[PDB]
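Peer 1: Before I ask anything, here is the structure I am working with.
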Amino acid sequence: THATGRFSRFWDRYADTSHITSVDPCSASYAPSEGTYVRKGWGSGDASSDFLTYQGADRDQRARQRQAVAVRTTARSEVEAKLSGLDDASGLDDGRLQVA
Amino acid sequence: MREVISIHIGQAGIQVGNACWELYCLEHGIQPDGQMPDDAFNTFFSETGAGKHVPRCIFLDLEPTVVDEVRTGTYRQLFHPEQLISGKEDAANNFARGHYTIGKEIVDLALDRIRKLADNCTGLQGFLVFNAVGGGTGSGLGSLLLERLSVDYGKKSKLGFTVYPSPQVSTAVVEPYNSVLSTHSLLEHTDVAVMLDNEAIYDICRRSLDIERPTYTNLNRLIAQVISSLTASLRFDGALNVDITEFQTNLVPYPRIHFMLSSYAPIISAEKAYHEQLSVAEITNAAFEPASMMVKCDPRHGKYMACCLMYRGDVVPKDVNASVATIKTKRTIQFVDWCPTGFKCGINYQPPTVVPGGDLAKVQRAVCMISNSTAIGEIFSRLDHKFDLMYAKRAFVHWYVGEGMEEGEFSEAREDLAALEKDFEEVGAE
Amino acid sequence: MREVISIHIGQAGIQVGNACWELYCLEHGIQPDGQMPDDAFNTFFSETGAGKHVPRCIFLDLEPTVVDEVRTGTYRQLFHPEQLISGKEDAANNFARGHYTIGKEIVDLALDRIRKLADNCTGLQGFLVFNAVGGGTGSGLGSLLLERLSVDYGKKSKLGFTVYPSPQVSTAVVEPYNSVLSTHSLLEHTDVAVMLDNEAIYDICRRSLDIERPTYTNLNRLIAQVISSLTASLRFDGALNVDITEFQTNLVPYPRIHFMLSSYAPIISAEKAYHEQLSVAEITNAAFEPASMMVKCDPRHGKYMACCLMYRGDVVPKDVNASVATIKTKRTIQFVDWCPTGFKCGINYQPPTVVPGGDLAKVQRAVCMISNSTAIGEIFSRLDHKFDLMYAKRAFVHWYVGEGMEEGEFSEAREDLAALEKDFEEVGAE
Amino acid sequence: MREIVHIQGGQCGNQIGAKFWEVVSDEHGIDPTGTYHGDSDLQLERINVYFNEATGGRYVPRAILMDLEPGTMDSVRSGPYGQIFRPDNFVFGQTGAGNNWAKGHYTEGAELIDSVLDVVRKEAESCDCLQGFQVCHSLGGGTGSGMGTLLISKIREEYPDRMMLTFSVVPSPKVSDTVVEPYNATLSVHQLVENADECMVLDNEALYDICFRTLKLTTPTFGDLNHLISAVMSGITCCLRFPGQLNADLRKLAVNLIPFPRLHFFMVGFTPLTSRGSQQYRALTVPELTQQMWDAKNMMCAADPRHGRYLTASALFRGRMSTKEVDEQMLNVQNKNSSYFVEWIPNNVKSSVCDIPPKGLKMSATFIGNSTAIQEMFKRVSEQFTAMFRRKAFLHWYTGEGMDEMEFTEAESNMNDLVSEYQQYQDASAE
Ligand SMILES: Nc1nc2c(ncn2[C@@H]2O[C@H](COP(=O)(O)OP(=O)(O)OP(=O)(O)O)[C@@H](O)[C@H]2O)c(=O)[nH]1
Ligand SMILES: Nc1nc2c(ncn2[C@@H]2O[C@H](COP(=O)(O)OP(=O)(O)OP(=O)(O)O)[C@@H](O)[C@H]2O)c(=O)[nH]1
Ligand SMILES: Nc1nc2c(ncn2[C@@H]2O[C@H](COP(=O)(O)OP(=O)(O)O)[C@@H](O)[C@H]2O)c(=O)[nH]1
């Protein structure tokens, strides 16, 4: 209503034009409002860590990589344990001996 | 009785002061509100009749943002509101702006509050001035404040923990200009100047703390640990107490030569902690490692003139003597011919406190190595050509002239830095 | 840390890239949408903060249809939209059209996106260039892109999985022309060239998979399996790991001689699967069978110069050593006199994943044998007379000249291919 | 508490300013009715840089609008955020300038300039401390260029020490809208050289190219170009309004950017500009922001930096970042492209970090490049101006508004001198 008669016949002039900072929530660029407004937080260690997400993100990435490597190594080491358990003690020719 | 007044000038000074005062509050048990649930705090805090402790500090800046961040943060009830001093216009990386036009009224009020603070101290060991060589607020206003302090207080020991521009990486363009100006200023005013380089501390954090993305908060935390180790002998008793007055006597060979490399040890994260012994000899060797220098200046190039070692925690004089004997016998470390001893050891029985949320681990032993060595001439040599390279074309000279400076001031600062180079070369030479 | 940038040029490049990326998505569990329900994908995919994974691939073509097929198919939410680069006019099987007039702006944009891709990689093992020697886009634009890559990136290992015309069967007429031109181009740019022939892969599919009507989807699936076996060491750990940089060290004796035969084993449908043991020795023998070569080039005519084996699945060093010893003792397999070992064995613990919709069965063991041998000169000998036979009459030479080429270019390409023939003969001879 | 007085000139300037004020009100959580609805203390902490408190919770922008025709100001008032501005700051004439710099500077601009200065003085005296003025307008238009240059001269006379920042929409190289663009631009650049402390050059064709190639828009109206410009205008002064890890005001940027007083023209760009299709595909890291920032296509100036040499470059980053990461990226860019950076300045980058990114974006970065590449833009404007002035086409209107022909020669000589300075420092050798 506040618009004057001129430039009110066509409101296509005042489009959204929100393509700047139009990053979709599914995109990696998106940052919520609570994430934007943060302080350095000298007094609180939790606040300092919240300011330094990227250091925490790097620590978590390293921890996840090391845990994945550990899981892979444990499974593999079980595999070589099963493979190297095979020897003369195992009854590989027991059936042949029984048949003879 | 052992009061030390802290001054923090500029964004860098105030941001390292935040870490310093967080560390001091955690060390003395003082809560952020101001009060704690003997008399070891008197060095940094003055208690009121209500039991609340207010720090003997002064946060000076010509920009309101940094100081208002402190006024809004957790330590809003700790510091004195008038002790936080805020300007109106920033110095805009201009030494002339921060030294001649804007800095005048601000430094007048700063001296007023500094006098009020010093009137509340029975003794006064000295001033701890934390500024940024390379910014108008830090360089210009800091230089003016140091000059006024020298004029009025006189022989009070001023320890300037300055941050000098890094060799290659930097954040400013007029940084060589105002750095040269401030160095000319403080060559004759500060008693002991400690050099700090953001590049060196970044490398320290990247290698030792395994922080692939180091930041100013981590740098300030490391600097705060260094200063706390330096001042621990004032606050907590121990064998071989070393004082602010003894720093100069045992570290400064001549009045001109008082710039000092600083290095802390150990710098180890919690995950990498308790994997090594961290003995006295090992931490001393780590402190003497050139990579552990908090300044991008390889000491192998120069010769050590004096080395003050501040040990914290479970440290015994036999171990410090063995470590220093091994250091002397090491061929890589070289001392000047005219200084046979060149060592000043001081032990303290208080281990360094750990800031929650920080990366440093709880280590029972710590060393702060502050050394005067002629290697430091390298950084002045870098700034001396970075200055004259721009000065040849007189780039950014009109900016400095506009606020009441002259080309003669630039010439004088450059000549003074050349003379400082010559003095370092002379004292290094036999 | 082990990122490898994939380039797919022309219809053949993009069509084999479709199979390659389907295989990679199936191998890493990455859904076609882009994200998966560690860091093994980093060799082929770059992950965003949202968790979605985008391949480090570039689909380059002067024709819109092939790229729009990708844009419309299932993998429309996977690939980077701008990384899909589409031309407006096809090269019309003209090396000059794709190398001098149309290819300029397209290759400029390609280098722009390639710089963007490489800037996102900490490490860079190299580039995997998949083009079609025998078409204007693949030959001309591929050669131009390879030249630009050699100029700017420099020493990065470019592995060119090129598809040369088959000896007798072919789909084009000017295919010898642009094939000779592209061979002259890539003799001096690519680090390791892998030879591929549609006739040979058709024979493999018909004889081994019992497919009476093989098609491009089958061919691309086999090629994708070969490339995945080649790159498996980068993404999955195993005994005797092999590297892209180690291909050059262990495979090419001389810079000029870098063309390599490729052979995969086993190629069996599930009907014929679990009818044979499929042991390491048997699959190695199958890999060394000449029918298993993906190039119509009988290795009996020449001598093996080097042979790199990449094993996938339940393969043990004892079995691979037994198989390689048997192969060495075999008289039909002949190595050069100056290379006594000529063997580079590398095992991987990740069995080759089976593509649903493909004809290959799920086999617990696989072998990819990539061999430098002097026999490969035969294919160049065939193209060299197929070329000069047309060139005597200068058929279709006007087409190439119309877009800014010269008879000197054809003459130089023919002379360079003759020099390559002479080099192959020389290295074969004692 | 370091206030900035915003001024809008002409139709293009008024549209850009309206979009800019919409962006800033959105960033500070200000609804079109002026009340605060942001629910964040940092938003209201430094709102006084741009806004003043009304009787209630309403906040009035410290903006002053100029025009010679009332239509554009009617449009600004009728827009979505048209009611925030105080009606008294709308200064309009009655007959517009016919794309005539002479009409907008001497005949019609003279009467309105008294009211314009009255409003500017009224707004400045209310400020506690004044950082300076920012004026958004378009070179190549009558009222915009003329009255903007006249007002910049007047404000320079009144407040010499205060900062003057200009966002001038220089006429585009390839597609020109009006015929007399070379005349107006040549007359206005001469004024900006003498008066404006700091000036960003913006081009509609640079904006079109960036919105076709980076944003990949299909039908970009002028609103989109104005929105890119507004994003740059916000990002320049975000350090004044939000807490920063390494903050930098307008004067600090000007000091670190301007080597010599006459070389104060800059090319600017805003990152990250991502097409809707590739938004999920792009991952925001500081190196990604720097790579997009230093790209020539990202520059909103038509002149590409590859032809010239970067005298200086400031980069204002926004978001939770590593200062080491940022500084390393800047040093790596300098080392890799040392050929494009002036030798007699050891460090050509002024890096600033702000802790509050724009709403929605995890990180952002605005760029200000002072490079000798702008030489080619002024050279092209000269190539058109001299061609038209040799035959004195359309000169009769400018003569009939009462300004001498020698003024054209003086303006052309000054602009050529500026071009010569840029070339001199492009080919200057150390020692
Ligand atoms: N080590 C370290 N250095 C810092 C930190 N913050 C700022 N600096 C340095 O300080 C220098 C500038 O500091 P200041 O002069 O206080 O900046 P300012 O407050 O805006 O004042 P002016 O720059 O003079 O206008 C920069 O070059 C930085 O290198 C910090 O947190 N840690
Ligand atoms: N192995 C294999 N070869 C293919 C496939 N598709 C095409 N080719 C070969 O690629 C050659 C031509 O490829 P392109 O150059 O990309 O054809 P285009 O996309 O029309 O581009 P131009 O022909 O150069 O204009 C043909 O001679 C085929 O032999 C495929 O799916 N698998
Ligand atoms: N970026 C942008 N440019 C514009 C807009 N409106 C006009 N322009 C351009 O600005 C140039 C000058 O027009 P302008 O100065 O506003 O006309 P004036 O107000 O009568 O002086 C024209 O050539 C237009 O191409 C706009 O809303 N945004």
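Chain C is numbered as in Swiss-Prot; the shown residues are, in order, 1-37, 46-438.
Cβ from N, Cα, C; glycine included.
Sharing the feature lines straight out of Swiss-Prot:
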type: BINDING; residues: C:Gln11, C:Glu71, C:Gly144, C:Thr145, C:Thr179, C:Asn206, C:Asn228; note: GTP binding site
type: BINDING; residues: C:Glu71; note: Mg(2+) binding site
type: ACT_SITE; residues: C:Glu254; note: active site
Peer 1: Which of the recorded positions C:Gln11, C:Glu71, C:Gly144, C:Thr145, C:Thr179, C:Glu254 have a Cβ less than 6 Å from any atom of ligand 1?
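Peer 2: Those recorded positions that pass the cut-off are none, since no Cβ is under 6 Å from ligand 1.
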Peer 1: Need the DSSP three-state call for C:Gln11 (GTP binding site) to compare against my parser.
Peer 2: helix
Peer 1: Have a look at the recorded positions (C:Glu71, C:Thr145, C:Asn206, C:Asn228, C:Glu254) and report the one with the fewest Cβ neighbours inside 10 Å.
Peer 2: C:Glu254
Peer 1: Identify, among the binding-site residues C:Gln11, C:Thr179, the residue whose Cβ has the fewest other Cβ atoms within 10 Å in this structure.
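Peer 2: Among the binding-site residues C:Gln11, C:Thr179, the sparsest Cβ neighbourhood within 10 Å belongs to C:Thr179.
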Peer 1: How long is the line from the C-alpha of C:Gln11 (GTP binding site) to the C-alpha of the residue listed as 'active site', rounded to the nearest angstrom?
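Peer 2: Cα-Cα distance, C:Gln11 (GTP binding site) to the residue listed as 'active site': 30 Å.
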Peer 1: Any idea what DSSP makes of C:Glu254 (active site), helix, strand or coil?
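Peer 2: In the DSSP reduction, C:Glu254 (active site) maps to helix.
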Peer 1: Max Cα-Cα distance in Å among C:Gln11, C:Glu71, C:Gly144, C:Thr145, C:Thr179, C:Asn206, C:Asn228, the residues listed as binding GTP?
Peer 2: 22
Peer 1: Measure from the CA atom of C:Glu71 (GTP binding site) to the CA atom of C:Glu254 (active site) and give the result in Å, rounded to a whole number.
Peer 2: 36
Peer 1: Could you tally the C-beta atoms, other than its own, that fall within 10 angstroms of the C-beta of C:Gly144 (GTP binding site)?
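Peer 2: So the Cβ neighbour count for C:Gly144 (GTP binding site) comes to 32.
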Peer 1: Looking only at DSSP and grouping its letters into three states, which state does C:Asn206 (GTP binding site) belong to?
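Peer 2: DSSP assigns C:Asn206 (GTP binding site) to helix.
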Peer 1: Tell me whether C:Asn228 (GTP binding site) sits in a helix, a strand or coil according to DSSP.
Peer 2: helix
